[PDB]
């Protein structure tokens, strides 16, 4: 699901240098076990910026014809420091051209932010509150459009839309609507922050978010978490967890999993599979650091093939191996992480079924998944839910929730089956 294009970029070193920072090398790896040299920052008014072709996150293949393959960080630095003022770079761009193709909530084509804000104010001030209008609008606009609605609402009423909705709404409907009004990174960061209660930490919610978010999402959550709460997320994980569960949660929350390379490393797939077996089912006890490193460092496609090759060696697959090897929060985090790796849409489909199958509703889990995945992979979640449970996700939301709260959730579902 990416696009790679190689390009030669020729720059002139001006009075303030080439104008970008490089990360990487065999001893300062950009992501896990990746020795490539990458562009981290690009300085305004610099040579690279004024040129425009080089982008943040580019991989630098060579400098003046000299390859930056398997170099120490200093040797890569030295090639730049000792190049002339005319520097020729071969660069590899990595692209993401997907967006919300599998989300259920699409951008409204006839969007009018000022009009939406007016209609929402009117629905708010109406005697008794017009919840239906509020739900109809916000659950049928994309997250970014909701931001523009919120901005215009403040501009018109000189009051924040979220504050007005805290007073006009209640119950589970308020929880959904307030969740939709946050950006994805803000929603996840606030859900993570709300889970940390010292010894009473909501580990299930930590596991859900940290095990299912990608590198890009996690790096944005990390950035937004520090802005909102003036403390790094990793520090909050450290002071709210312990033991191997903390190490796993810290490692995943760094968001530095290896990106899927073009070549498939079949030798490393087999070796990782053997290591997971040797560290667990094959021995007395468990080498947990070995599981943590492998399951957090390797790319998701690579690990998908590792777990299948694992069944060639182990009488038990990875999931039932975990249930036989570890307990408690550690076992639950491993089970969630492996499901996310093997089939993330199915992972959320099973969680949604879990939140509704029994008595009552785990509304916190149901709402968080319906909100956070509505613009990511909700169509895939619905497909996996339908295939496994025979009836639709729409149907289960219908039987388990009522009123305008049900209406908003069904809108985020997007349709039947």
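Residue numbers count along the first chain shown, from 1.
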item	value
Of 387 to 395 and 43 to 51, the stretch whose C-alpha atoms average the higher B-factor in the entry	43 to 51
Mean temperature factor over C-alpha atoms, higher-scoring stretch between 27 to 35 and 374 to 382	27 to 35
C-alpha B-factor winner, where the candidates are 302, 274, 344, 284	284
Among 119, 215, 314, 110 - the residue whose C-alpha B-factor is largest in the record	110
CA B-factor placement of residue 201, once the chain's modelled residues are sorted into thirds	highest
Third of the chain's Cα B-factor distribution that residue 140 belongs to, per the entry	middle
CA B-factor placement of residue 62, once the chain's modelled residues are sorted into thirds	middle
B-factor third for the C-alpha atom of residue 402 within its chain	middle
Residue 166, C-alpha B-factor rank within chain (lowest, middle or highest third)	middle
